[PDB]
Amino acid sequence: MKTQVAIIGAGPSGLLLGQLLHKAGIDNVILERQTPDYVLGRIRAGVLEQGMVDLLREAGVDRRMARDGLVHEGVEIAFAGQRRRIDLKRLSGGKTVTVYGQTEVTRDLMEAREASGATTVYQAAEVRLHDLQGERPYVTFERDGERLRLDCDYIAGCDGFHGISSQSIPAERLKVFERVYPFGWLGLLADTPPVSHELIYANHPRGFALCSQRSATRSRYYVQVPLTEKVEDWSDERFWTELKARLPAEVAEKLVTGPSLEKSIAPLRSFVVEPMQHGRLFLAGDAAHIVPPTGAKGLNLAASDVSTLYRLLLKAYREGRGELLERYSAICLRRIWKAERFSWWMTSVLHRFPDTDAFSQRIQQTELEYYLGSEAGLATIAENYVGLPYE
(Lines of atoms letter the chains of each structure in order from A and count residues from 1; the text may use other names and numbers.)
(Lines give C-alpha, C1' and ligand atoms only; values in the text may rest on other atoms or scores of the structure.)
Protein backbone atom coordinates (compact mmCIF):
# COMPACT_ATOMS: atom_id res chain seq x y z
CA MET A 1 0.00 0.00 0.00
CA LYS A 2 1.16 3.48 -0.93
CA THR A 3 -0.61 6.80 -0.87
CA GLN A 4 0.43 10.43 -0.79
CA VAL A 5 -1.01 11.56 2.56
CA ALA A 6 -1.80 9.07 5.36
CA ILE A 7 -4.37 10.42 7.82
CA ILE A 8 -4.80 8.91 11.31
CA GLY A 9 -8.33 9.27 12.68
CA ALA A 10 -11.71 9.66 11.06
CA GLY A 11 -13.23 12.27 13.32
CA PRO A 12 -14.14 15.61 11.71
CA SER A 13 -10.48 16.76 11.36
CA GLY A 14 -9.31 13.75 9.35
CA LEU A 15 -12.46 13.57 7.26
CA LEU A 16 -12.45 17.29 6.45
CA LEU A 17 -8.74 17.20 5.49
CA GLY A 18 -9.26 14.00 3.50
CA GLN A 19 -12.17 15.54 1.57
CA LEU A 20 -10.38 18.78 0.72
CA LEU A 21 -7.30 16.89 -0.42
CA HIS A 22 -9.24 14.32 -2.46
CA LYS A 23 -11.04 17.10 -4.32
CA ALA A 24 -7.71 18.77 -5.14
CA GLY A 25 -6.32 15.52 -6.52
CA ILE A 26 -4.10 14.58 -3.58
CA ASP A 27 -4.59 10.95 -2.68
CA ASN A 28 -5.08 10.10 0.94
CA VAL A 29 -5.92 7.12 3.13
CA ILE A 30 -7.71 7.53 6.45
CA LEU A 31 -7.02 4.96 9.24
CA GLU A 32 -9.56 4.80 12.11
CA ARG A 33 -9.32 2.62 15.22
CA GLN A 34 -13.11 2.44 15.78
CA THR A 35 -16.19 1.63 13.74
CA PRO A 36 -18.23 4.23 11.79
CA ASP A 37 -21.03 3.62 14.26
CA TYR A 38 -18.91 4.47 17.26
CA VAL A 39 -17.67 7.71 15.68
CA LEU A 40 -21.26 8.62 14.81
CA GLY A 41 -22.30 8.17 18.44
CA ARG A 42 -20.20 11.10 19.75
CA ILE A 43 -22.47 14.13 20.36
CA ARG A 44 -19.97 16.88 21.14
CA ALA A 45 -20.06 20.25 19.30
CA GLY A 46 -23.06 22.33 18.41
CA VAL A 47 -21.57 25.73 17.41
CA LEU A 48 -19.65 26.49 14.20
CA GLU A 49 -17.70 29.62 13.16
CA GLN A 50 -18.24 31.10 9.71
CA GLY A 51 -14.74 29.97 8.77
CA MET A 52 -15.70 26.33 9.41
CA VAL A 53 -18.96 26.84 7.46
CA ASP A 54 -17.09 28.23 4.44
CA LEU A 55 -14.59 25.39 4.61
CA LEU A 56 -17.42 22.82 4.51
CA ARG A 57 -18.75 24.61 1.46
CA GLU A 58 -15.30 24.46 -0.16
CA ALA A 59 -15.09 20.71 0.54
CA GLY A 60 -18.45 20.43 -1.23
CA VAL A 61 -20.34 19.13 1.80
CA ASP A 62 -22.71 21.91 2.74
CA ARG A 63 -26.14 20.99 1.30
CA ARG A 64 -27.73 19.68 4.50
CA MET A 65 -25.92 22.24 6.60
CA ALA A 66 -27.26 25.05 4.48
CA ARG A 67 -30.69 23.52 4.85
CA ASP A 68 -30.68 22.41 8.50
CA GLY A 69 -28.14 24.75 10.06
CA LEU A 70 -29.48 27.49 12.31
CA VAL A 71 -27.69 30.86 11.94
CA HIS A 72 -27.48 32.69 15.27
CA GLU A 73 -27.00 36.43 15.55
CA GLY A 74 -26.71 36.68 19.31
CA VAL A 75 -26.13 34.76 22.54
CA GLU A 76 -27.22 35.51 26.07
CA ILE A 77 -25.40 35.59 29.39
CA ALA A 78 -27.38 35.45 32.63
CA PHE A 79 -25.90 36.33 36.00
CA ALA A 80 -26.92 38.03 39.26
CA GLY A 81 -30.58 38.20 38.30
CA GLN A 82 -29.84 39.77 34.91
CA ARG A 83 -29.94 38.42 31.37
CA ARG A 84 -27.69 40.19 28.86
CA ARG A 85 -27.82 39.59 25.14
CA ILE A 86 -24.70 40.03 23.07
CA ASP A 87 -25.59 41.03 19.52
CA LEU A 88 -22.82 39.18 17.70
CA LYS A 89 -23.79 40.40 14.25
CA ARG A 90 -23.79 44.08 15.20
CA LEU A 91 -20.77 44.06 17.46
CA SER A 92 -18.56 41.87 15.25
CA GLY A 93 -19.30 43.67 12.01
CA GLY A 94 -21.87 41.36 10.44
CA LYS A 95 -20.43 37.96 11.42
CA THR A 96 -22.61 35.22 12.92
CA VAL A 97 -22.35 31.60 14.13
CA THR A 98 -24.10 28.45 12.85
CA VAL A 99 -25.66 25.79 15.08
CA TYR A 100 -25.28 22.38 13.37
CA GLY A 101 -24.23 19.30 15.34
CA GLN A 102 -20.83 17.66 15.04
CA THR A 103 -22.61 14.30 14.56
CA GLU A 104 -24.27 15.79 11.47
CA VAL A 105 -21.09 17.31 10.05
CA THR A 106 -19.38 13.96 10.53
CA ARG A 107 -22.24 12.06 8.86
CA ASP A 108 -22.16 14.43 5.91
CA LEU A 109 -18.41 13.98 5.48
CA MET A 110 -18.51 10.21 5.91
CA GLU A 111 -21.12 10.09 3.14
CA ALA A 112 -19.19 12.32 0.77
CA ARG A 113 -16.11 10.15 1.28
CA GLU A 114 -17.89 6.84 0.73
CA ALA A 115 -19.34 8.19 -2.53
CA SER A 116 -15.96 9.41 -3.81
CA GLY A 117 -14.35 6.02 -3.27
CA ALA A 118 -11.36 7.43 -1.38
CA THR A 119 -9.72 4.82 0.87
CA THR A 120 -10.86 4.51 4.49
CA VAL A 121 -9.86 1.70 6.83
CA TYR A 122 -12.02 1.43 9.97
CA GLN A 123 -10.99 -0.85 12.80
CA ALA A 124 -7.32 -0.31 11.92
CA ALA A 125 -5.63 -1.63 15.04
CA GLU A 126 -2.24 -0.94 16.53
CA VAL A 127 -1.29 2.00 14.33
CA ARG A 128 2.44 2.80 14.53
CA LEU A 129 4.33 5.53 12.64
CA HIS A 130 7.84 4.98 11.27
CA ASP A 131 10.75 6.89 9.74
CA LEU A 132 9.18 10.28 10.38
CA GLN A 133 12.41 12.11 9.54
CA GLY A 134 13.14 10.23 6.34
CA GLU A 135 11.86 10.95 2.84
CA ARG A 136 9.79 7.78 2.98
CA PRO A 137 7.76 7.57 6.19
CA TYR A 138 5.29 4.68 6.64
CA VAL A 139 2.39 3.60 8.83
CA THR A 140 1.89 0.00 10.05
CA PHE A 141 -1.39 -1.40 11.36
CA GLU A 142 -3.45 -4.54 11.55
CA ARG A 143 -6.67 -5.49 9.84
CA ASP A 144 -8.03 -9.05 10.37
CA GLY A 145 -4.86 -10.08 12.19
CA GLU A 146 -2.66 -9.22 9.21
CA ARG A 147 -0.17 -6.41 9.74
CA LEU A 148 -0.16 -4.11 6.73
CA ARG A 149 2.29 -1.38 5.84
CA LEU A 150 1.19 1.88 4.25
CA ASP A 151 3.84 3.94 2.49
CA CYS A 152 3.30 7.69 2.03
CA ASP A 153 4.96 11.10 1.81
CA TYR A 154 3.29 12.85 4.75
CA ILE A 155 1.28 11.84 7.78
CA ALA A 156 -1.50 13.96 9.30
CA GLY A 157 -2.11 13.07 12.93
CA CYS A 158 -5.84 13.75 13.37
CA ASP A 159 -6.35 11.17 16.12
CA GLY A 160 -7.67 13.34 18.93
CA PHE A 161 -6.62 13.69 22.55
CA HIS A 162 -5.92 9.97 23.05
CA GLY A 163 -4.16 9.41 19.76
CA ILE A 164 -0.85 7.80 18.97
CA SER A 165 0.55 10.64 16.82
CA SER A 166 1.55 13.09 19.52
CA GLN A 167 3.38 10.28 21.27
CA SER A 168 5.48 9.87 18.17
CA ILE A 169 7.29 13.20 18.50
CA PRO A 170 10.45 12.99 20.72
CA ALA A 171 9.52 14.04 24.22
CA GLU A 172 12.61 16.17 24.29
CA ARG A 173 11.29 18.07 21.28
CA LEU A 174 7.86 18.91 22.79
CA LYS A 175 6.64 21.64 25.15
CA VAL A 176 3.30 20.79 26.76
CA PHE A 177 1.17 23.52 28.35
CA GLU A 178 -1.71 22.25 30.47
CA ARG A 179 -4.40 23.31 32.92
CA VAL A 180 -7.04 20.98 34.38
CA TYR A 181 -10.24 22.51 35.78
CA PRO A 182 -11.81 21.24 39.06
CA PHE A 183 -15.10 20.48 37.31
CA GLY A 184 -16.77 18.85 34.33
CA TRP A 185 -19.93 19.37 32.25
CA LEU A 186 -22.89 17.01 32.61
CA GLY A 187 -24.67 17.13 29.23
CA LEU A 188 -28.20 15.94 28.40
CA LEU A 189 -29.56 15.62 24.83
CA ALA A 190 -33.40 15.59 24.62
CA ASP A 191 -35.96 15.46 21.85
CA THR A 192 -37.61 18.66 23.07
CA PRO A 193 -37.94 22.18 21.66
CA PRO A 194 -35.20 24.46 23.11
CA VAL A 195 -36.18 26.95 25.77
CA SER A 196 -34.76 29.84 23.69
CA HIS A 197 -33.99 30.78 20.09
CA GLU A 198 -30.47 31.58 21.19
CA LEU A 199 -28.07 30.02 23.63
CA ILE A 200 -28.06 31.05 27.28
CA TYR A 201 -24.85 30.77 29.29
CA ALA A 202 -25.64 31.04 32.98
CA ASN A 203 -23.42 31.88 35.93
CA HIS A 204 -25.35 30.85 39.01
CA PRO A 205 -24.30 30.44 42.64
CA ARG A 206 -25.02 26.68 42.36
CA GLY A 207 -22.73 26.50 39.35
CA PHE A 208 -22.71 26.93 35.55
CA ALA A 209 -25.60 25.95 33.24
CA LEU A 210 -25.93 26.23 29.48
CA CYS A 211 -29.08 26.05 27.34
CA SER A 212 -28.20 24.97 23.84
CA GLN A 213 -29.91 23.23 20.93
CA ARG A 214 -29.49 21.15 17.76
CA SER A 215 -32.73 22.06 15.95
CA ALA A 216 -36.27 23.29 16.70
CA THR A 217 -37.18 19.93 18.26
CA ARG A 218 -33.84 18.94 19.71
CA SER A 219 -32.07 20.42 22.74
CA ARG A 220 -28.68 20.08 24.44
CA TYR A 221 -28.31 21.22 28.06
CA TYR A 222 -25.34 21.25 30.46
CA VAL A 223 -24.66 21.88 34.11
CA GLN A 224 -21.29 22.17 35.83
CA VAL A 225 -20.55 19.22 38.18
CA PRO A 226 -17.55 18.15 40.36
CA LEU A 227 -15.03 15.71 38.93
CA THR A 228 -16.21 13.24 41.60
CA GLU A 229 -19.62 12.74 39.94
CA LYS A 230 -20.78 9.64 38.06
CA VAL A 231 -23.35 9.97 35.27
CA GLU A 232 -25.26 7.02 36.74
CA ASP A 233 -25.94 9.11 39.83
CA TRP A 234 -27.80 11.61 37.68
CA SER A 235 -31.32 10.59 36.68
CA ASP A 236 -33.13 12.65 34.00
CA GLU A 237 -35.37 13.83 36.79
CA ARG A 238 -32.38 15.01 38.87
CA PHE A 239 -30.82 16.83 35.92
CA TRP A 240 -34.00 18.79 35.08
CA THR A 241 -34.49 19.79 38.68
CA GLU A 242 -30.90 21.05 38.96
CA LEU A 243 -31.01 22.83 35.60
CA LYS A 244 -34.21 24.67 36.56
CA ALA A 245 -32.54 25.69 39.81
CA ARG A 246 -29.72 27.47 37.96
CA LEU A 247 -31.80 29.42 35.43
CA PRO A 248 -33.79 32.68 35.58
CA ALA A 249 -37.34 31.87 36.80
CA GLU A 250 -38.96 33.13 33.59
CA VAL A 251 -36.70 30.84 31.58
CA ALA A 252 -37.08 27.86 33.90
CA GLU A 253 -40.88 28.05 33.65
CA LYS A 254 -40.93 27.86 29.82
CA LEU A 255 -38.73 24.76 29.83
CA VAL A 256 -40.15 21.71 28.10
CA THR A 257 -38.44 18.68 29.62
CA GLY A 258 -38.37 15.08 28.55
CA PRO A 259 -36.38 11.83 28.61
CA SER A 260 -32.73 11.90 27.55
CA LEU A 261 -31.35 10.53 24.31
CA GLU A 262 -27.78 10.99 25.56
CA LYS A 263 -26.21 11.92 28.87
CA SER A 264 -22.49 12.20 29.69
CA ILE A 265 -19.85 13.98 31.74
CA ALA A 266 -17.03 15.83 29.99
CA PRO A 267 -14.19 17.08 32.22
CA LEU A 268 -12.69 20.50 31.33
CA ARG A 269 -9.05 21.18 30.38
CA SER A 270 -6.71 23.39 28.33
CA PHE A 271 -3.84 21.72 26.52
CA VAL A 272 -1.31 22.93 23.96
CA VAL A 273 1.68 21.19 22.47
CA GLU A 274 4.53 22.97 20.71
CA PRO A 275 5.57 22.45 17.99
CA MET A 276 2.73 20.76 16.05
CA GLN A 277 4.92 18.80 13.68
CA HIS A 278 7.96 16.57 13.46
CA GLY A 279 9.64 15.60 10.20
CA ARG A 280 6.90 14.36 7.84
CA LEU A 281 4.27 14.31 10.62
CA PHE A 282 1.82 17.19 11.18
CA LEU A 283 -0.67 17.22 14.11
CA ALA A 284 -4.18 18.68 13.75
CA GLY A 285 -7.20 19.25 15.96
CA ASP A 286 -7.54 17.65 19.37
CA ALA A 287 -4.34 15.71 18.64
CA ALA A 288 -2.44 18.96 19.16
CA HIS A 289 -4.66 20.97 21.55
CA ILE A 290 -7.70 20.95 23.80
CA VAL A 291 -9.84 23.96 24.85
CA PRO A 292 -12.61 23.91 27.45
CA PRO A 293 -16.06 23.80 25.69
CA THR A 294 -17.12 27.16 27.17
CA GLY A 295 -15.95 29.16 24.18
CA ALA A 296 -17.09 26.66 21.50
CA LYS A 297 -13.63 26.61 19.85
CA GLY A 298 -12.39 23.02 19.68
CA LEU A 299 -13.93 21.89 16.40
CA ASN A 300 -13.43 25.38 15.09
CA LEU A 301 -9.67 25.25 15.78
CA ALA A 302 -9.43 21.81 14.12
CA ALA A 303 -11.04 23.48 11.08
CA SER A 304 -8.37 26.24 10.85
CA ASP A 305 -5.50 23.74 11.46
CA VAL A 306 -6.92 21.62 8.61
CA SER A 307 -7.44 24.63 6.33
CA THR A 308 -3.82 25.62 6.97
CA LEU A 309 -2.41 22.12 6.46
CA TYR A 310 -4.46 21.57 3.28
CA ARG A 311 -3.35 24.86 1.76
CA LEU A 312 0.31 24.15 2.54
CA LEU A 313 0.09 20.62 1.05
CA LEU A 314 -1.41 22.09 -2.13
CA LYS A 315 1.63 24.39 -2.50
CA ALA A 316 3.96 21.45 -1.95
CA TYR A 317 2.24 19.06 -4.34
CA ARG A 318 0.92 21.48 -6.91
CA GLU A 319 3.63 24.09 -6.87
CA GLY A 320 6.60 22.13 -5.69
CA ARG A 321 6.95 24.45 -2.67
CA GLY A 322 7.47 21.94 0.13
CA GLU A 323 9.58 24.31 2.25
CA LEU A 324 6.39 26.17 3.15
CA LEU A 325 5.34 23.22 5.34
CA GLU A 326 7.93 24.29 7.93
CA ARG A 327 5.65 27.24 8.74
CA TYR A 328 2.76 25.01 9.76
CA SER A 329 3.16 25.28 13.54
CA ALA A 330 3.88 29.01 13.61
CA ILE A 331 0.76 29.88 11.64
CA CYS A 332 -1.49 27.56 13.69
CA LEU A 333 -0.16 28.42 17.17
CA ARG A 334 -0.98 32.10 16.78
CA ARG A 335 -4.67 31.33 16.29
CA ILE A 336 -4.61 28.53 18.87
CA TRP A 337 -3.24 30.69 21.70
CA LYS A 338 -5.82 33.45 21.14
CA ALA A 339 -8.67 30.91 21.12
CA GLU A 340 -7.17 29.33 24.27
CA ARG A 341 -7.06 32.73 26.03
CA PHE A 342 -10.73 33.37 25.17
CA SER A 343 -11.88 29.86 26.22
CA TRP A 344 -9.95 30.33 29.45
CA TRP A 345 -11.55 33.73 30.08
CA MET A 346 -15.07 32.45 29.33
CA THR A 347 -14.53 29.50 31.63
CA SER A 348 -13.26 31.61 34.51
CA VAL A 349 -16.06 34.19 34.49
CA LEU A 350 -18.95 31.72 34.02
CA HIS A 351 -18.09 28.90 36.45
CA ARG A 352 -18.18 28.42 40.19
CA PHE A 353 -14.71 27.57 41.50
CA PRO A 354 -14.09 25.71 44.76
CA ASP A 355 -12.16 27.56 47.52
CA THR A 356 -12.58 31.06 46.11
CA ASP A 357 -12.20 34.03 48.46
CA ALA A 358 -14.52 37.02 48.75
CA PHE A 359 -12.28 39.32 46.71
CA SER A 360 -12.20 36.88 43.72
CA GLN A 361 -15.97 36.29 43.80
CA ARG A 362 -16.44 40.04 43.66
CA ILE A 363 -13.94 40.44 40.81
CA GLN A 364 -15.70 37.68 38.85
CA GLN A 365 -19.00 39.51 39.17
CA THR A 366 -17.37 42.82 38.17
CA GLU A 367 -15.75 41.25 35.06
CA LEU A 368 -19.24 40.33 33.86
CA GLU A 369 -20.72 43.66 34.83
CA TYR A 370 -17.96 45.52 33.00
CA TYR A 371 -17.73 43.46 29.83
CA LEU A 372 -21.47 43.17 29.36
CA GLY A 373 -22.04 46.82 30.11
CA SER A 374 -19.39 48.41 27.93
CA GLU A 375 -19.68 48.79 24.18
CA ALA A 376 -15.95 48.06 23.85
CA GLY A 377 -16.26 45.18 26.35
CA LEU A 378 -19.09 43.56 24.37
CA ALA A 379 -17.11 43.85 21.13
CA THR A 380 -14.21 41.84 22.62
CA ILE A 381 -16.55 38.96 23.50
CA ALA A 382 -18.32 39.11 20.12
CA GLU A 383 -15.26 39.27 17.83
CA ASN A 384 -13.72 36.37 19.72
CA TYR A 385 -16.96 34.36 19.81
CA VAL A 386 -17.72 34.57 16.07
CA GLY A 387 -14.05 33.72 15.59
CA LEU A 388 -10.94 35.69 14.75
CA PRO A 389 -9.78 35.81 11.05
CA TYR A 390 -7.82 32.92 9.54
CA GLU A 391 -4.21 33.85 8.64
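Throughout, we count residues from 1 along the sequence that is shown.
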Ranked by mean Cα B-factor in the entry, 299-307 and 171-179, top stretch is 171-179
Read off the CA B-factors in the entry, average them over 351-359 and over 43-51, and name the higher stretch. 351-359
Highest-ranked of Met346, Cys332, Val29, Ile26 once sorted by CA temperature factor in the record: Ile26
For the CA B factor values reported in this entry, which option in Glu242, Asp286, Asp108, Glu142 has the top one? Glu142
Please say which third, lowest, middle or highest, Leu91 falls into when its CA temperature factor is compared across its chain. middle
Among the modelled residues of this chain, does the Cα B factor of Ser235 put it in the lowest, middle or highest third? middle
In terms of the chain's CA B-factor thirds, is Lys338 lowest, middle or highest? lowest
Per the entry's values, where does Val97 land by CA temperature factor relative to the rest of its chain, in the lowest, middle or highest third? middle
By the record's CA B-factor, is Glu262 among the lowest, middle or highest third of residues in the chain? middle
